[PDB]
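One structure is given here, and the rest of the page talks about it.
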Amino acid sequence: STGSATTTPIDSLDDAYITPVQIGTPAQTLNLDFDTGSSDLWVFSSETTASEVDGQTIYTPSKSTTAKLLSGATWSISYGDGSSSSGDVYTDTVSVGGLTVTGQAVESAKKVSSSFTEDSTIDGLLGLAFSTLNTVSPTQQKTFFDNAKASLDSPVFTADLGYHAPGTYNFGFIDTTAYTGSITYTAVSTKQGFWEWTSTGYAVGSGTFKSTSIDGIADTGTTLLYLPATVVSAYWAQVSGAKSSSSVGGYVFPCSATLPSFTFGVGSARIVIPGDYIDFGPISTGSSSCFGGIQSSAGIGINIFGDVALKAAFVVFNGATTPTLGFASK
Ligand SMILES: NCc1ccc(C(F)(F)F)cc1
Ligand SMILES: NCc1ccc(C(F)(F)F)cc1
């Protein structure tokens with residue numbers, strides 16, 4: 001079997017993407033943030049503290065005839081930006097774009113951090129990293145992808161994120177009309193639970209390509225591109241007036257400047273990120289300082305190929321027994 005769902009940016013800056021997901025019987029449709037950097041499927045629910053809910057659609061397990069409480073199970077997660085949530089665990093039927101999994105662990109939030117409450121458009125997260133990162137205790141739970149793997153035509157899913165436009169998540173097949181050229185596959189390390197791979201180098205604008213190994217993770221749940229300080233400094237040095245601002249927390253640049261493109265290597269292939277993808281707009285309403293989409297990973301401890309990079313490509317997450325990542329131009 002296969003599944004296909006449209007994913008839509010939540011705002012004009014592509015800060016995140018939401019995808020409709022059907023949970024329960026009869027279906028309750030929630031818009032979830034598909035996150036290849038985590039492994040929990042958690043939702044706002046009827047059990048969430050009422051003051052912590054501001055416009056989200058909530059999952060109500062008591063209205064689903066297939067929902068079962070997973071006796072004694074709890075979950076608690078903290079994200080790399082300081083966000084967190086926690087609660088209990090149901091199992092229920094979950095469908096994405098026609099692809100149905102029965103008995104999927106649905107983690108019901110009793111408490112969410114402020115950053116989720118303020119994001120009225122995101123009803124929860126659907127984790128697509130490896131199941132070793134799932135936070136359910138005492139019995140660890142499998143991701144939607146892991147549960148679907150057996151019945152998929154091919155154990156893959158693909159991410160085709162749009163620039164200021166809708167995109168597609170496909171499960172179980174590779175749409176050969178959605179990219180140009182060939183797909184370049186590269187090895188994945190699962191040792192930390194992430195879709196971790198090694199980029200073969202980078203170039204700034206029309207400069208020389210610098211061959212150098214950048215280890216990092218493919219993360220649809222992170223907005224920006226976080227790279228080593230040496231790389232990020234070489235990029236922003238080509239932008240007149242750009243500087244690192246401690247009060248803002250990263251590189252900013254004059255909104256009137258034109259940004260150079262950024263190229264990253266995948267084996268012998270090259271993925272080019274247009275300079276416009278790196279503009280994240282004014283730091284405050286009316287400001288003439290704009291926030292950059294390429295930032296240093298020094299404070300984070302790991303390099304992150306977030307949406308800024310992934311939306312420049314067609315990306316194959318190949319969950320075969322030896323996992324690989326595929327990149328194609330589009
Ligand atoms: N998108 C989920 C996620 C969030 C944070 C991290 C970090 F910061 F720990 F690397 C990885 C993955
Ligand atoms: N990387 C996971 C993640 C995804 C979304 C959010 C936000 F934006 F909703 F707070 C935080 C963390």
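Residues are referred to by chain and number: the chain letter is A, B, ... according to the order shown in the structure tokens, the number counts from 1 in that chain, and ligands are numbered separately from 1 in the order shown.
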Which residues of chain A come within 10 Å of ligand 1, and what is each one's closest atom pair and distance in Å (one decimal), counting only C-alpha atoms and all ligand atoms, sorted by chain and residue number, as CSV?
residue,atom,partner,partner_atom_place_in_ligand_line,distance
A:33,CA,ligand 1,1 (N),9.7
A:34,CA,ligand 1,1 (N),9.0
A:35,CA,ligand 1,1 (N),5.5
A:36,CA,ligand 1,1 (N),6.3
A:37,CA,ligand 1,2 (C),3.7
A:38,CA,ligand 1,2 (C),4.7
A:39,CA,ligand 1,2 (C),8.4
A:40,CA,ligand 1,2 (C),9.9
A:78,CA,ligand 1,4 (C),8.2
A:79,CA,ligand 1,4 (C),4.7
A:80,CA,ligand 1,5 (C),3.5
A:81,CA,ligand 1,5 (C),6.4
A:82,CA,ligand 1,5 (C),8.6
A:83,CA,ligand 1,4 (C),8.9
A:125,CA,ligand 1,2 (C),9.6
A:127,CA,ligand 1,2 (C),8.2
A:128,CA,ligand 1,2 (C),9.5
A:129,CA,ligand 1,2 (C),8.6
A:193,CA,ligand 1,12 (C),9.7
A:194,CA,ligand 1,12 (C),7.7
A:195,CA,ligand 1,12 (C),9.8
A:216,CA,ligand 1,10 (F),9.1
A:217,CA,ligand 1,11 (C),7.9
A:218,CA,ligand 1,1 (N),9.0
A:219,CA,ligand 1,1 (N),5.5
A:220,CA,ligand 1,1 (N),6.6
A:221,CA,ligand 1,1 (N),4.0
A:222,CA,ligand 1,1 (N),5.0
A:223,CA,ligand 1,1 (N),8.8
A:226,CA,ligand 1,10 (F),9.7
A:297,CA,ligand 1,8 (F),9.1
A:299,CA,ligand 1,8 (F),9.4
A:300,CA,ligand 1,8 (F),5.8
A:301,CA,ligand 1,10 (F),7.2
A:302,CA,ligand 1,10 (F),5.7
A:303,CA,ligand 1,10 (F),7.5
A:304,CA,ligand 1,10 (F),6.9
A:306,CA,ligand 1,1 (N),8.2
Based on the selection just made, write C-alpha atoms of those residues as a CSV table (one decimal), in the first residue's frame.
chain,number,residue,atom,x,y,z
A,33,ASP,CA,4.0,18.8,12.1
A,34,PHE,CA,5.9,15.9,10.4
A,35,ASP,CA,9.3,15.8,12.2
A,36,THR,CA,12.1,13.5,11.0
A,37,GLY,CA,14.1,14.7,14.1
A,38,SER,CA,11.9,13.1,16.7
A,39,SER,CA,10.0,9.9,17.2
A,40,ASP,CA,6.9,10.7,19.2
A,78,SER,CA,12.1,18.1,25.5
A,79,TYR,CA,13.1,19.6,22.1
A,80,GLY,CA,16.4,21.2,21.2
A,81,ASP,CA,14.8,24.7,21.3
A,82,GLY,CA,13.6,24.2,24.9
A,83,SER,CA,10.0,23.1,24.0
A,125,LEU,CA,3.8,16.3,15.9
A,127,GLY,CA,7.8,11.8,14.6
A,128,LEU,CA,9.7,10.1,11.8
A,129,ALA,CA,13.1,9.5,13.2
A,193,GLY,CA,18.5,7.7,16.5
A,194,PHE,CA,18.5,10.4,13.8
A,195,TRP,CA,18.6,10.4,10.0
A,216,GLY,CA,24.5,16.4,10.4
A,217,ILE,CA,20.9,15.3,10.5
A,218,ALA,CA,18.0,15.6,8.0
A,219,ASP,CA,15.3,17.3,10.1
A,220,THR,CA,12.0,18.4,8.6
A,221,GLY,CA,11.0,19.6,12.1
A,222,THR,CA,13.7,22.4,12.3
A,223,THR,CA,13.2,25.6,10.3
A,226,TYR,CA,22.6,25.1,11.4
A,297,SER,CA,25.5,25.0,15.2
A,299,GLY,CA,25.6,26.2,20.7
A,300,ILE,CA,23.6,23.2,19.6
A,301,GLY,CA,26.2,20.5,19.4
A,302,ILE,CA,25.0,18.9,16.1
A,303,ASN,CA,24.6,20.2,12.5
A,304,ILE,CA,21.0,20.4,11.3
A,306,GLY,CA,16.5,21.8,8.4
Show me, as a ChimeraX atom specification, the residues that have an atom within 8 Å of residue 14 of chain A when counting only C-alpha atoms, minus same-chain residues fewer than 5 positions from it. /A:9,163-164,223
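Compared by their closest atoms to residue 68 of chain A, and using only C-alpha atoms, the residues A:28, A:93, A:51, A:246 rank with A:93 nearest.
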A:31, A:85, A:74, A:186: which is nearest residue 268 of chain A, counting only C-alpha atoms?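 Looking only at the distances to residue 268 of chain A, the closest residue turns out to be A:186.
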Taking into account only C-alpha atoms, which residue in the set A:319, A:24, A:181, A:72 is nearest to residue 137 of chain A?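 Once distances to residue 137 of chain A are computed over only C-alpha atoms, the minimum belongs to A:72.
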DSSP-assigned strand (DSSP E) members of segment 162-298 of chain A, reported as number ranges by chain: A: 167-171, 180-187, 196-204, 210-218, 225-227, 243-245, 250-254, 262-266, 269-273, 279-282, 289-292, 294-296
Atomic distance atom CA of residue 267 of chain A - atom CA of residue 210 of chain A, expressed in Å with one decimal: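 Distance reported for this atom pair: 13.0 Å.
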Do you have the atom CA of residue 214 of chain A-atom CA of residue 231 of chain A distance handy?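 Interatomic distance, atom CA of residue 214 of chain A to atom CA of residue 231 of chain A: 9.7 Å.
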Counting only C-alpha atoms, what is within 10 Å of residue 67 of chain A, bar same-chain residues fewer than 6 positions away, as a VMD selection string? chain A and resid 23 to 25 60 to 61 90 to 93 103 to 106
I need the residue nearest ligand 2 from this list: A:59, A:327, A:305, A:291. Use only C-alpha atoms and all ligand atoms for the distance.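 Looking only at the distances to ligand 2, the closest residue turns out to be A:305.
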